[PDB]
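In the block that follows, a single chain appears as structure tokens, in the form deposited in one PDB entry.
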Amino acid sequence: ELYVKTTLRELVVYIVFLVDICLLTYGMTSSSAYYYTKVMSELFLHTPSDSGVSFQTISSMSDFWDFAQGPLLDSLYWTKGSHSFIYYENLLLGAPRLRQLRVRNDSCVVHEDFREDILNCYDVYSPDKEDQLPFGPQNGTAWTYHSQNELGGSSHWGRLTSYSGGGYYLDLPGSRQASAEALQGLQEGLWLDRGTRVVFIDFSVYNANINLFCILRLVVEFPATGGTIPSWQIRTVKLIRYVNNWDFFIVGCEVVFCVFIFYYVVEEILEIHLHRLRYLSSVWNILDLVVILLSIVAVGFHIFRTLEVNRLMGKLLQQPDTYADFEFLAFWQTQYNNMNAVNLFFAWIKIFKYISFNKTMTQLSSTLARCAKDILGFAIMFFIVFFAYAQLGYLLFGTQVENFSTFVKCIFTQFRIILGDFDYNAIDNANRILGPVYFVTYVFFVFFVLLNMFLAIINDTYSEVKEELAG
């Protein structure tokens, strides 16, 4: 029935740890990190130009130059000194930066029958084939190459390539007329020609009423075929400040959490002394060591974060009018968030090693151990046909549908079909003959294996009890 497990002490000293780990993850999260993202997205991605071109609807180089000299400068510069306050409250930090990565002039040698019409060839992007020589007037910082170490920066796994960190850049000047002059001079000479492979626009803003950084990066990729593909990443960073009451409380509970993880690691290595073998038998110990690992890396990132933020702010006010790299911080703070949520999930479900509820959390393992060697041979049979269908759907559709454009996309598309999220008209317009067949036969296969697994476990139970009763 319902009864505390294995002692009364560990349960209370764990329901203390659970309560303490829930407040450390709600002292990092703000409730105005969704309004902020929503508003900055509405400002920079939806605002149309004359000719009505938003960033989300850029489809050529002309559209890029229309968005850049129109709504970008209009959205980055407000007034009512020598500073910008977007919407009067969000201060712009430093200078926005345009960056471009190109590809070499002779990379993908042309066929035999076309080399009298087409003379030079530009491959797809790859760090091997890349252009590093000056072009245009060969004069400024936007017409010469600076490697990834000079421009201290990191790769970006955006779309199709995972672009590098160097390239040809331009830091926009202070006022609006100066930036307009710079961009017009950048356009009059062909800054974007057949060699251009990607363009980034990076900047960041800081709001002080709520305490937040909004870090914006807009990417536009120019494939080897023409046109553009735009993408964006908008992230938010906290910057906690240590004066208030609540913040002193949070510092205290930080110390408590560190003490707790020390206690738990010493207890695990203390009971490893007892019964060395069989210690790998229980899954709960695996959960404990997983939580320990995640907690120590959590505190690691928590100190590194403060290091880098003080460094950034120092460089930022010591010499403004330059570019302050907030992108590294945003990326890794997001990864830290994604990790802390998982750690919280595990800490929450680790209470079934404790106060127990009967007729479910007693025989799920009793049935799982019985329902094995008949389901491992049922998963090797399901995934063969699952991946066969994945390849069939990648090869039938996938030049027309985006959800089938690659292999992993097909995998998750089939998963979503199982969950009940499909767009049947897309599959049906792609192929009017094999679209329906693919759909129908896939659904039937899934339901078939489901009910066969069900019947297998039912007959297993039957036989088991029949041999256990009348034996």
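One-based numbering along the sequence shown. What we label the rigid core is the largest C-alpha set whose atoms superpose within 1.5 Å from one form to the other.
Below: the form deposited in another entry, not depicted.
In a rigid core superposition between the shown form and the other one, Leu239 is the single residue of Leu190, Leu239, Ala178, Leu395 whose Cα is displaced by 2 Å or more. With the core superposed, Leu91 shows a C-alpha displacement below 2 Å between the shown form and the other one. For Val124, a C-alpha deviation below 2 angstroms is recorded between the shown form and the other one after rigid-core alignment. Once both forms are fitted on their rigid core, the CA atom of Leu73 lies less than 2 Å apart between the shown form and the other one.
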